[PDB]
Amino acid sequence: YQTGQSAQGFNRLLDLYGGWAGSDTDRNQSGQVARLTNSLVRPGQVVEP
Amino acid sequence: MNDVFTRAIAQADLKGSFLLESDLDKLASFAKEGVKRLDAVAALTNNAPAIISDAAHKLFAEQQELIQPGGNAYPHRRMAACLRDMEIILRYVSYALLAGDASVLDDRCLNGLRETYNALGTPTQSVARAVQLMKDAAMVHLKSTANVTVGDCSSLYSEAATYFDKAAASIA
Amino acid sequence: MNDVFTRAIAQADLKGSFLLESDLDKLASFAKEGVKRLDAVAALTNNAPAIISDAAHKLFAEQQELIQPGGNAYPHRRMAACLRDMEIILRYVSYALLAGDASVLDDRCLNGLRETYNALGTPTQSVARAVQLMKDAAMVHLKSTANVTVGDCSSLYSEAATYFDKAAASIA
Amino acid sequence: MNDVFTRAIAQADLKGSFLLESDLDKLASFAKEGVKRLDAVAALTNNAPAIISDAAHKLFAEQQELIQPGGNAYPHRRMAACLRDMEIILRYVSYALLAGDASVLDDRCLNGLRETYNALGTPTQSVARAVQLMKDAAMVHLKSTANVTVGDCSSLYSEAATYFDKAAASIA
Amino acid sequence: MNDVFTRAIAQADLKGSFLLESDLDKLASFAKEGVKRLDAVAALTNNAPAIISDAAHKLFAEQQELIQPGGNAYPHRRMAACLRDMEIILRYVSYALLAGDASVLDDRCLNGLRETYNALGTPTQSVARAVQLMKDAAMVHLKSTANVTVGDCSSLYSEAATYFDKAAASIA
Amino acid sequence: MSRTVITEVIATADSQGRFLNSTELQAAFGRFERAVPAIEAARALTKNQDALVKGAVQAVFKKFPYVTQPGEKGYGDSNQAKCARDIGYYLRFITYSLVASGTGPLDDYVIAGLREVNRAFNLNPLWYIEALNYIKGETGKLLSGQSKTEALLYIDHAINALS
Amino acid sequence: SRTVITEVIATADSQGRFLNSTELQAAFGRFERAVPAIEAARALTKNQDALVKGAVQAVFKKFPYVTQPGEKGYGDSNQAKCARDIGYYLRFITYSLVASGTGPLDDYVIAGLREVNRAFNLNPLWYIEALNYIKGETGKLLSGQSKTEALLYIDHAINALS
Amino acid sequence: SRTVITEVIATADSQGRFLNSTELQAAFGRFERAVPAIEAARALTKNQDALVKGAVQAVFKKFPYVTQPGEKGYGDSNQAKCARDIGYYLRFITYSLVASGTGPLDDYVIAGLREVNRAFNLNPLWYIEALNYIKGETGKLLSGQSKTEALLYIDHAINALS
Amino acid sequence: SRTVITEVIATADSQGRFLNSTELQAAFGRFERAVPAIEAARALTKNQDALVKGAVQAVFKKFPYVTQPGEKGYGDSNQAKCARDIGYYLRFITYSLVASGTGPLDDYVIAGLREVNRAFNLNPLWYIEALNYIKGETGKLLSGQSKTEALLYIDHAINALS
Amino acid sequence: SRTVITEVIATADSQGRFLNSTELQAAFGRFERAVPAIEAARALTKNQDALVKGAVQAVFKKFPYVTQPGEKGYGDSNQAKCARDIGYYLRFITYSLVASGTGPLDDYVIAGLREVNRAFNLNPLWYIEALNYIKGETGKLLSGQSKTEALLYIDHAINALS
Ligand SMILES: CCC1=C(C)/C(=C/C2=NC(=C\c3[nH]c(/C=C4\NC(=O)[C@H](C)[C@H]4CC)c(C)c3CCC(=O)O)/C(CCC(=O)O)=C2C)NC1=O
Ligand SMILES: CCC1=C(C)/C(=C/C2=NC(=C\c3[nH]c(/C=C4\NC(=O)[C@H](C)[C@H]4CC)c(C)c3CCC(=O)O)/C(CCC(=O)O)=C2C)NC1=O
Ligand SMILES: CCC1=C(C)/C(=C/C2=NC(=C\c3[nH]c(/C=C4\NC(=O)[C@H](C)[C@H]4CC)c(C)c3CCC(=O)O)/C(CCC(=O)O)=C2C)NC1=O
Ligand SMILES: CCC1=C(C)/C(=C/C2=NC(=C\c3[nH]c(/C=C4\NC(=O)[C@H](C)[C@H]4CC)c(C)c3CCC(=O)O)/C(CCC(=O)O)=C2C)NC1=O
Ligand SMILES: CCC1=C(C)/C(=C/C2=NC(=C\c3[nH]c(/C=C4\NC(=O)[C@H](C)[C@H]4CC)c(C)c3CCC(=O)O)/C(CCC(=O)O)=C2C)NC1=O
Ligand SMILES: CCC1=C(C)/C(=C/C2=NC(=C\c3[nH]c(/C=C4\NC(=O)[C@H](C)[C@H]4CC)c(C)c3CCC(=O)O)/C(CCC(=O)O)=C2C)NC1=O
Ligand SMILES: CCC1=C(C)/C(=C/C2=NC(=C\c3[nH]c(/C=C4\NC(=O)[C@H](C)[C@H]4CC)c(C)c3CCC(=O)O)/C(CCC(=O)O)=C2C)NC1=O
Ligand SMILES: CCC1=C(C)/C(=C/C2=NC(=C\c3[nH]c(/C=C4\NC(=O)[C@H](C)[C@H]4CC)c(C)c3CCC(=O)O)/C(CCC(=O)O)=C2C)NC1=O
Ligand SMILES: CCC1=C(C)/C(=C/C2=NC(=C\c3[nH]c(/C=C4\NC(=O)[C@H](C)[C@H]4CC)c(C)c3CCC(=O)O)/C(CCC(=O)O)=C2C)NC1=O
Ligand SMILES: CCC1=C(C)/C(=C/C2=NC(=C\c3[nH]c(/C=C4\NC(=O)[C@H](C)[C@H]4CC)c(C)c3CCC(=O)O)/C(CCC(=O)O)=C2C)NC1=O
Ligand SMILES: CCC1=C(C)/C(=C/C2=NC(=C\c3[nH]c(/C=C4\NC(=O)[C@H](C)[C@H]4CC)c(C)c3CCC(=O)O)/C(CCC(=O)O)=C2C)NC1=O
């Protein structure tokens, strides 16, 4: 816990981490998409299109 | 985050109009009776270590599960984390009490606690019970007519109760 | 990031072979006629305020419910963000026009834009309409014969239209 | 990460007890074969380039499609990535061989490797085959009675083998 | 940061020759006396809090202006820093005693400490006296023949006394 | 996400991660004591919707006469009525900043993104500064005491942000 | 020191703009409540000896062992510096009351409290009971709002000790 | 944890290298005195109840007031809970002996010690006295190297309490 | 890949701006510099197999021991796959000519070159002087303007190998 | 440079803490291992010339083409440079043996080795096989755990080259 963080910062860092082996490669089949697009503006809820 | 003035202003703007004389009256009453709110917030802040101590004592007496070896509050490092979480949540209830709106709490504080504690495996039920214990141990500090001018503040007691209840119900 | 040359090169390498004669002919023709491409990219770069302003005027004169209170372009921060997104999309279209390949657009502006606009509630249909309006305003500017030598650039008109349509179809 | 000692300590602690006498017998044994363990680790460390080179040669003789253009080891960048992955895996195997506990592999080496390779399109079958070839190469240097006072150490060969199989099964 | 063995190594490199048998015998003597050296540094680290509290008591007894308002140690955090810096110099002296080289303390910090204590206006002779009292209190603990196999350690006491003397003189 | 004495003190206390000591509660008491002149100024300024907005529009036209004719921005019923709308927005967020007793509404709703949206639609900040100065002049005669002082303070903050 | 107006200049100088309405308002409120703080500090300035000796005897009676031989409460110089410590707490509470900010307290006592209590084996319970006794006598000597503002800096000192 | 082996592995991994001769020499030293450490652990485990009970009685003997009614130490609940705490401390001393390092102490006892004590108003001096008593008895119980290594872990705990 | 067009776009992109005069200036320079480069690529591609055979036999003539039994060049596989490696280098030089930038070289060859040469013991000198042979052969294979471009890329490959 | 003691002091000072049992443990292990490494380095010093001459003969027998004119190894000057480089490697092995750490070896040979070998086109395999020769001769010149430590240091130098 870092002073001043929101509750979500922990979950968002977990989403970013991807393990000790993983990396921020950009050589993936996907191409380095953004992970926290909806967790930031809809922090709690979930929406389907 | 949003106090009550900012919240009423947002609701006015979404309808795209000036503030009604009725909401002006509501905010005037809030400002007149915010001195009592200052007193209640001071009561929570000065007496925070007592509230956390009482809630911790009754929680770990009620639940040996937390402090036994292999328990979730055992290893004397998870214990400091427990007391720190209690500190944080009581701090955020004090914020949402001074402000007047639960937006501070459920935005800056408790969107992600359920799944944070699920990711750490800690029992969220025990955290909700800890928050309820904080509430009970806090109201007794909050009603004290010692060294505070006497008056009626039942609305503020209901407000603090609903903030503690919101935190507990979200974490649970 | 890519362009036409690097795309042909990547295809040839993934296949494992030198660039064939026909593909060399295609790239030579591209480089030979790239001066018209530079003129088009300059037409986009130099008139960009005019495109953005005309597109904004038309969008907000046909879709009023954006600028209304509660509309999703109401305050100056949201209107400024609207215009900034319009300029950025036009910028990446001019980029991809210079490069001859829409990879920079699809990698920096379009790979997470529909999701972002949905997560913000912005109507992606109106964003695509804004992009099409910018396309119209720009085509009024790429066909300008002032200050440039006369010639035919139907290919560049089609290419720029397809870049605007890629942006529209990947936001909508 | 846990060595064998810290693993036994955690097991004792969850039971809320001191360490039993059988556990201390086992740990005294483990510290009595610590010198043989050190030789095994030093034979892995000294012969690391030779093991990597042998495994690479045999892997690319076996699976020739890895180095055809379009294969997933074709340019120098991803060939260096092959060699780097293999060196890292041998490094972590030697780490776990020193510690006596496979906790370092799960903690660090294999924490997200499956996800990385599925994202990258890397054939995890080929990576596991590389690890198995690495095991075969390493045992040759482990079983080298040259320069170490002879004795029985088959337990250490079994431990190193099961570490290699652990990594190979995690990847594949 | 450097130890005596690496001093021999560095001077051997400078003269370009192999290590001579005389210096090699000196290093063997140091290596066998290292058993006593380890107990010396262990005594220092073990008794560090008692030593620092003792020397703080003696200093605040002999020097009093550090109590009075306007004295350097009168503000509360300032004498907190007094204790902290005493602990730091003891830690560095333990480092030097283990290494056998005085430069690990001097070249590390005494260069900047001189100018720092000149600028801060503190009585630097008081800090030198603090180092001297630190040396005396550590000397008292190092002669504890209980808990340790009895041996000859006059050279170690001389080494500690000279290390503290040089530290104070560099302070002074 | 706005700013108020309450919100600023809560945010600064949160950033250090602490309870509100004497200073924050003192500032909150200042705000809560202030909210009577501010709120009744917002009330007096709300009651004067149409006189204020219409006078401000007419003053913009008087000081910038060339805008009304064809070939300029202020031509046509739509542009003039929407001048009335824009001045209404400015006055409304001024009363919001009174009630909120902080420039959070003005900043968030008007002041952020002001300059870009003025350029990209070709709106002259002088038009709005003249209308604001007229509103300021007329609050001079509506409000008395500290209410006028804080209405003028917020009007001046908006004018500074335009200039 | 970080007083209310000092907070104003500090939180202003970090960013570009001048002192807006909020900072002027906070300074304003401090300027009203300062004068009652001044008279409260004066009223607290008349009773050094009574407050210090009452608090000393209260903490001694709560802790009978420190007085007894072999404990650090025993001694003439020890009790004299007990009195000097309580006088220090009193004067720094006075400074905080005068400044209308916890700046002097945080500067002069609270900064480095834990480490020195560690190294010199002092127990915060003694000082906390002394501050509770001072709370008690401020309850009688001061009345109304002055009492509130005095008690707020006092129980800030309690919150610092705890 | 921070063993010799684990600390070596971490320091080699952070530099992304294999274990060189210095690391293996340190590991050899660790394995070499694992035997005195395990023997000290075996003694301090066998003589468990005697150590715990003597430590508790020493805490009361040096702290008379703690046994007096109406406060912290009185009540068989607090008695059994003190015994549990001392069992914890000795357990982690033997854990550290086995793990040839201060891993278990630092992970369980040492980290988070002071906040939790100040929150429950537990005095460090009680535990320091109990560990001094355990030091005295394990001086008798152990001779040679086991004595010294045990004493190292005890005073490490004592220092962290101080 | 890093070319003139791509570098222009990335520079005007990272700064968050449109493409101003200098950027289109560089783009135009690339576009009209293309034709000599395209012709050089056509010539190198037409004369590919002869160039590879020449470079292979140059490797063997200058490094006569390499084909002797027991080491690298011995055996048919290593010669056929020498031819493969020289074909790769030639192909990427032509790729870099067509793109008029050192993108393809710095991506598919130069990035990761030292590690894979080290791990396979491939002496760089073999490739350096095979590229020197190709550098010479373009003198009588190309001439005029495109010769400077082809020499420039052969040259960059040689420098990266050294 | 870097020994066990030096790494002890560095790791202890990095965390800003006193010198606890784990690094005392590493220091004791190195201190016990001191004497055999001393004798090993002494034996190596007794055989400077024999070892270096044998090593250069080994490189000449394994790399015969080196000796021919027009190569690196032609000329008596390069012969003396062979001897000097081998002597430098041997001397730094003995320095590592005395210091009981790879420190002197690292910061004198390994530090910036690839760059220098690439600048003057020296081959690492020459020194690798020469160190294998020194390994073979010390396999008979020496005896005991001295073998294992000396061979570990030689192997570390080899692995640095490879
Ligand atoms: C600003 C708002 C905010 C909150 C509230 C918050 C809570 C929070 N508590 C945490 C840890 C923890 N919290 C607890 C406490 C629980 N365990 C027992 O059940 C108790 C009954 C109960 C306390 C009520 C424990 C035991 C941990 C450590 C978990 C572990 O290490 O396994 C963590 C993980 C970080 C760490 O390990 O220190 C977070 C993020 N974080 C935030 O950013
Ligand atoms: C620096 C921080 C600060 C604080 C804390 C503060 C509190 C404060 N409380 C006041 C009176 C008061 N305080 C309360 C609150 C009480 N009602 C119940 O009795 C409870 C015991 C308690 C709240 C649950 C009430 C009701 C009044 C009188 C107002 C009225 O009823 O008209 C007053 C008016 C004059 C006075 O009596 O002091 C102030 C200024 N002012 C400050 O500047
Ligand atoms: C510094 C940046 C830069 C610019 C601005 C630039 C413009 C430029 N445009 C040119 C010709 C031209 N420009 C155009 C484009 C126009 N004609 C079409 O009808 C449209 C009206 C319009 C484009 C949609 C055409 C078609 C040519 C002749 C094509 C050719 O050069 O073969 C030429 C060569 C002169 C000639 O052959 O007539 C230049 C240098 N070059 C640059 O390096
Ligand atoms: C815990 C330590 C650790 C591991 C284990 C690890 C694996 C790992 N391998 C990678 C790339 C790679 N890994 C491989 C490995 C296999 N492919 C197969 O064909 C062969 C068996 C072998 C070829 C050498 C390859 C080919 C790549 C390159 C993928 C690419 O760049 O497209 C990448 C990142 C891709 C990037 O740079 O963007 C990671 C994280 N990383 C770590 O920090
Ligand atoms: C500087 C780092 C360091 C190392 C490397 C080290 C190794 C080491 N190996 C030893 C012997 C030994 N080493 C081995 C292990 C080998 N036997 C072979 O058969 C196996 C192939 C191989 C196991 C992989 C054995 C079996 C012994 C005989 C003593 C015993 O069994 O414990 C000894 C005891 C002395 C002796 O009896 O000769 C040590 C200290 N010590 C160190 O301080
Ligand atoms: C880690 C190595 C290190 C050392 C050794 C060191 C010395 C040091 N002590 C300082 C403060 C201080 N140091 C002292 C101590 C002295 N004053 C007298 O009372 C005593 C005789 C004597 C105690 C030994 C005091 C009183 C201060 C407070 C001065 C101030 O804050 O203005 C400062 C100023 C900033 C700071 O570090 O807090 C330095 C640089 N700094 C370092 O980074
Ligand atoms: C666990 C960490 C560790 C330590 C602490 C350590 C030091 C250590 N000191 C020892 C004995 C000793 N210890 C001392 C030092 C003491 N003798 C007294 O006279 C002095 C006042 C005092 C100096 C501080 C001496 C002199 C010896 C005997 C060595 C000799 O023959 O001189 C021994 C051998 C036990 C024996 O001789 O029976 C060791 C291993 N080694 C370690 O691995
Ligand atoms: C948050 C508060 C807020 C403000 C302040 C605001 C200003 C604003 N003015 C706009 C256009 C405009 N604004 C004016 C104002 C002119 N009309 C003339 O009678 C006057 C001389 C002058 C006013 C003093 C005009 C003529 C336009 C139309 C420009 C055009 O689209 O061609 C627009 C674009 C929307 C549209 O054209 O319908 C905005 C968003 N919007 C907001 O949401
Ligand atoms: C900046 C303000 C400041 C504070 C807060 C402060 C606390 C303080 N009190 C001290 C001495 C002391 N203070 C006490 C008083 C306590 N023990 C008894 O049990 C009493 C019940 C209780 C009094 C409330 C005692 C007994 C000592 C003796 C320790 C010594 O020998 O220094 C010391 C040691 C140095 C000295 O003063 O000579 C400090 C640092 N010092 C300061 O300069
Ligand atoms: C990881 C190892 C670990 C430690 C060290 C630890 C200390 C510890 N002791 C506790 C209780 C306690 N501990 C004591 C102290 C003892 N009682 C007296 O008889 C003695 C004088 C004294 C010991 C010398 C007391 C009095 C309590 C109860 C305090 C209370 O209920 O408020 C508690 C609170 C849990 C509970 O309410 O039962 C903790 C966390 N906990 C741990 O998990
Ligand atoms: C992207 C472009 C690319 C390059 C440049 C490349 C070089 C390359 N050459 C290799 C093998 C090799 N390359 C050679 C080259 C030698 N053969 C003759 O003898 C000459 C003396 C000399 C060539 C001038 C040899 C002998 C090997 C086999 C060595 C071994 O298997 O260890 C390998 C190892 C994989 C394999 O071929 O089995 C690579 C990666 N690979 C690539 O994917």
# chains A, B, ... in the order shown; residues from 1 in each chain; ligands from 1

call {"tool": "calpha_fit_rmsd", "arguments": {"fixed": "chain J", "moving": "chain G"}}
result
0.6 Å

call {"tool": "residues_around", "arguments": {"residues": "residue 100 in chain B", "least_positions_apart": "4", "cutoff": "8 Å", "atoms": "only C-alpha atoms", "output": "ChimeraX atom specification"}}
result
/B:3-4,96

call {"tool": "interface_residues", "arguments": {"of": "chain C", "to": "chain B", "cutoff": "10 Å", "atoms": "only C-alpha atoms", "output": "PDB file with N, CA, C and O atoms, in the first residue's frame"}}
result
ATOM      1  N   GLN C  68     -25.752  19.993 -25.903  1.00  0.00           N
ATOM      2  CA  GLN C  68     -26.698  20.254 -24.833  1.00  0.00           C
ATOM      3  C   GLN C  68     -26.091  19.871 -23.491  1.00  0.00           C
ATOM      4  O   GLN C  68     -25.186  19.035 -23.431  1.00  0.00           O
ATOM      5  N   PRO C  69     -26.549  20.484 -22.404  1.00  0.00           N
ATOM      6  CA  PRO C  69     -26.170  19.985 -21.086  1.00  0.00           C
ATOM      7  C   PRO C  69     -26.564  18.526 -20.969  1.00  0.00           C
ATOM      8  O   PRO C  69     -27.636  18.118 -21.417  1.00  0.00           O
ATOM      9  N   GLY C  70     -25.674  17.733 -20.387  1.00  0.00           N
ATOM     10  CA  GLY C  70     -25.841  16.302 -20.389  1.00  0.00           C
ATOM     11  C   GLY C  70     -25.407  15.627 -21.665  1.00  0.00           C
ATOM     12  O   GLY C  70     -25.114  14.426 -21.640  1.00  0.00           O
ATOM     13  N   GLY C  71     -25.353  16.351 -22.782  1.00  0.00           N
ATOM     14  CA  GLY C  71     -24.677  15.845 -23.951  1.00  0.00           C
ATOM     15  C   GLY C  71     -23.218  15.636 -23.648  1.00  0.00           C
ATOM     16  O   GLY C  71     -22.676  16.168 -22.684  1.00  0.00           O
ATOM     17  N   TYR C  74     -20.497  18.704 -23.709  1.00  0.00           N
ATOM     18  CA  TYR C  74     -21.110  19.931 -23.199  1.00  0.00           C
ATOM     19  C   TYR C  74     -20.083  20.945 -22.709  1.00  0.00           C
ATOM     20  O   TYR C  74     -19.996  22.039 -23.296  1.00  0.00           O
TER      21      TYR C  74
END

call {"tool": "residues_near_ligand", "arguments": {"ligand": "ligand 1", "cutoff": "9 Å", "atoms": "only C-alpha atoms and all ligand atoms", "output": "PyMOL selection string"}}
result
(chain A and resi 1-11) or (chain B and resi 56+59-60+63+66-67+71-75+77-89+92+105+108-113+116-117+120-131) or (chain F and resi 14+17)

call {"tool": "interface_residues", "arguments": {"of": "chain B", "to": "chain G", "cutoff": "12 Å", "atoms": "only C-alpha atoms", "output": "ChimeraX atom specification"}}
result
/B:38-39,42-50,53,146-150

call {"tool": "residues_near_ligand", "arguments": {"ligand": "ligand 5", "cutoff": "7 Å", "atoms": "only C-alpha atoms and all ligand atoms", "output": "VMD selection string"}}
result
(chain D and resid 32 to 33 35 to 40 42 142 to 145 148 to 153 156) or (chain H and resid 21 24 to 25 28) or (chain J and resid 145 148 to 149)

call {"tool": "write_last_selection", "arguments": {"atoms": "N, CA and C atoms", "output": "short mmCIF file (atom, residue, chain, number, x, y, z; two decimals), in the first residue's frame"}}
result
data_model
loop_
_atom_site.label_atom_id
_atom_site.label_comp_id
_atom_site.auth_asym_id
_atom_site.auth_seq_id
_atom_site.Cartn_x
_atom_site.Cartn_y
_atom_site.Cartn_z
N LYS D 32 24.51 -32.47 4.96
CA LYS D 32 25.68 -33.34 4.89
C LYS D 32 26.02 -33.72 3.45
N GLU D 33 25.01 -33.80 2.57
CA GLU D 33 25.24 -33.86 1.13
C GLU D 33 25.32 -32.49 0.46
N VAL D 35 27.93 -30.63 0.10
CA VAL D 35 29.14 -30.48 -0.70
C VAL D 35 28.96 -31.13 -2.07
N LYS D 36 28.33 -32.30 -2.12
CA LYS D 36 28.01 -32.92 -3.40
C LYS D 36 27.06 -32.04 -4.19
N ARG D 37 26.08 -31.45 -3.50
CA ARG D 37 25.17 -30.52 -4.17
C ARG D 37 25.94 -29.34 -4.76
N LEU D 38 26.93 -28.84 -4.03
CA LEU D 38 27.74 -27.74 -4.53
C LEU D 38 28.52 -28.14 -5.78
N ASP D 39 29.09 -29.35 -5.80
CA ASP D 39 29.74 -29.81 -7.03
C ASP D 39 28.77 -29.90 -8.19
N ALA D 40 27.57 -30.42 -7.96
CA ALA D 40 26.60 -30.49 -9.06
C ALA D 40 26.27 -29.10 -9.59
N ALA D 42 28.13 -26.44 -9.41
CA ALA D 42 29.28 -25.84 -10.06
C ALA D 42 29.55 -26.47 -11.41
N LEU D 142 27.26 -33.42 -15.36
CA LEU D 142 27.01 -33.73 -13.95
C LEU D 142 27.69 -35.04 -13.56
N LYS D 143 27.52 -36.07 -14.38
CA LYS D 143 28.07 -37.39 -14.10
C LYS D 143 29.56 -37.49 -14.36
N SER D 144 30.27 -36.37 -14.49
CA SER D 144 31.69 -36.41 -14.82
C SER D 144 32.51 -36.60 -13.56
N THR D 145 32.94 -37.83 -13.31
CA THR D 145 33.76 -38.16 -12.15
C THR D 145 35.11 -37.46 -12.17
N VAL D 148 36.47 -34.51 -9.26
CA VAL D 148 35.73 -34.57 -8.00
C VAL D 148 35.89 -35.96 -7.40
N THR D 149 36.13 -36.00 -6.10
CA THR D 149 36.36 -37.26 -5.42
C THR D 149 35.12 -38.15 -5.53
N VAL D 150 35.32 -39.33 -6.09
CA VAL D 150 34.22 -40.18 -6.53
C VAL D 150 33.30 -40.51 -5.37
N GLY D 151 32.04 -40.80 -5.69
CA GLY D 151 31.05 -41.18 -4.71
C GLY D 151 29.70 -41.40 -5.37
N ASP D 152 28.68 -41.70 -4.58
CA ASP D 152 27.34 -41.86 -5.14
C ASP D 152 26.56 -40.57 -4.99
N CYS D 153 25.97 -40.10 -6.09
CA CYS D 153 25.23 -38.85 -6.09
C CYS D 153 23.97 -38.94 -6.93
N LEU D 156 21.22 -36.53 -6.65
CA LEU D 156 21.35 -35.21 -7.25
C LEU D 156 20.98 -35.23 -8.73
N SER H 21 32.20 -18.48 -7.52
CA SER H 21 32.91 -19.17 -6.45
C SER H 21 32.63 -18.56 -5.08
N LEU H 24 29.32 -19.98 -3.78
CA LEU H 24 29.41 -21.37 -3.37
C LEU H 24 30.28 -21.53 -2.13
N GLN H 25 31.24 -20.63 -1.94
CA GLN H 25 32.04 -20.66 -0.72
C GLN H 25 31.19 -20.28 0.49
N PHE H 28 29.01 -23.14 1.24
CA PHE H 28 29.77 -24.18 1.90
C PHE H 28 29.93 -23.89 3.38
N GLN J 145 41.78 -29.96 -1.89
CA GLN J 145 40.76 -28.97 -2.20
C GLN J 145 41.35 -27.79 -2.95
N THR J 148 40.16 -28.10 -6.31
CA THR J 148 38.81 -27.68 -6.65
C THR J 148 38.71 -26.17 -6.73
N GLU J 149 39.35 -25.44 -5.81
CA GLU J 149 39.25 -23.98 -5.86
C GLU J 149 40.01 -23.39 -7.05
#

call {"tool": "atom_distance", "arguments": {"atom1": "atom 7 (C, counted along the ligand's line) of ligand 9", "atom2": "CA of residue 134 in chain E"}}
result
22.0 Å

call {"tool": "residues_near_ligand", "arguments": {"ligand": "ligand 10", "cutoff": "7 Å", "atoms": "only C-alpha atoms and all ligand atoms", "output": "PyMOL selection string"}}
result
(chain B and resi 57+60-61+67+69+74-76+79) or (chain H and resi 56+59-60+66+72-74+78-79+81-82+85+88-89+108-109+116+120+122+126-127+130)

call {"tool": "write_last_selection", "arguments": {"atoms": "C-alpha atoms", "output": "short mmCIF file (atom, residue, chain, number, x, y, z; two decimals), in the first residue's frame"}}
result
data_model
loop_
_atom_site.label_atom_id
_atom_site.label_comp_id
_atom_site.auth_asym_id
_atom_site.auth_seq_id
_atom_site.Cartn_x
_atom_site.Cartn_y
_atom_site.Cartn_z
CA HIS B 57 -9.58 -6.55 20.47
CA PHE B 60 -9.65 -11.20 17.51
CA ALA B 61 -11.36 -12.24 20.73
CA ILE B 67 -4.53 -14.81 15.17
CA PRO B 69 -0.77 -19.77 13.50
CA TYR B 74 -1.12 -14.27 12.46
CA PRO B 75 2.43 -13.75 11.27
CA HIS B 76 2.86 -10.31 12.97
CA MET B 79 -1.28 -8.08 11.77
CA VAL H 56 7.55 -15.82 31.98
CA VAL H 59 9.17 -11.18 33.16
CA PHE H 60 6.98 -11.06 36.25
CA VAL H 66 2.34 -6.33 35.61
CA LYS H 72 -2.34 -5.54 31.57
CA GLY H 73 -0.73 -8.70 32.93
CA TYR H 74 -3.41 -9.86 35.36
CA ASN H 78 -2.95 -12.81 29.68
CA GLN H 79 -0.82 -15.45 31.39
CA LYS H 81 -1.09 -15.42 26.02
CA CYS H 82 2.33 -14.41 27.38
CA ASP H 85 4.20 -15.16 22.78
CA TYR H 88 6.54 -17.88 19.39
CA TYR H 89 9.85 -16.13 20.03
CA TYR H 108 7.49 -13.22 11.43
CA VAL H 109 8.58 -11.38 14.58
CA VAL H 116 1.66 -3.98 16.59
CA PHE H 120 -1.68 -3.27 21.76
CA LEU H 122 2.69 -4.24 24.81
CA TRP H 126 8.98 -7.51 28.89
CA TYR H 127 10.08 -9.46 25.84
CA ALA H 130 12.26 -12.92 28.58
#

call {"tool": "closest_atom_pairs", "arguments": {"of": "chain H", "to": "ligand 4", "cutoff": "12 Å", "atoms": "only C-alpha atoms and all ligand atoms", "output": "Markdown table"}}
result
| residue | atom | partner | partner_atom_place_in_ligand_line | distance |
| --- | --- | --- | --- | --- |
| H:13 | CA | ligand 4 | 2 (C) | 9.8 |
| H:14 | CA | ligand 4 | 2 (C) | 11.3 |
| H:16 | CA | ligand 4 | 2 (C) | 9.4 |
| H:17 | CA | ligand 4 | 2 (C) | 11.8 |
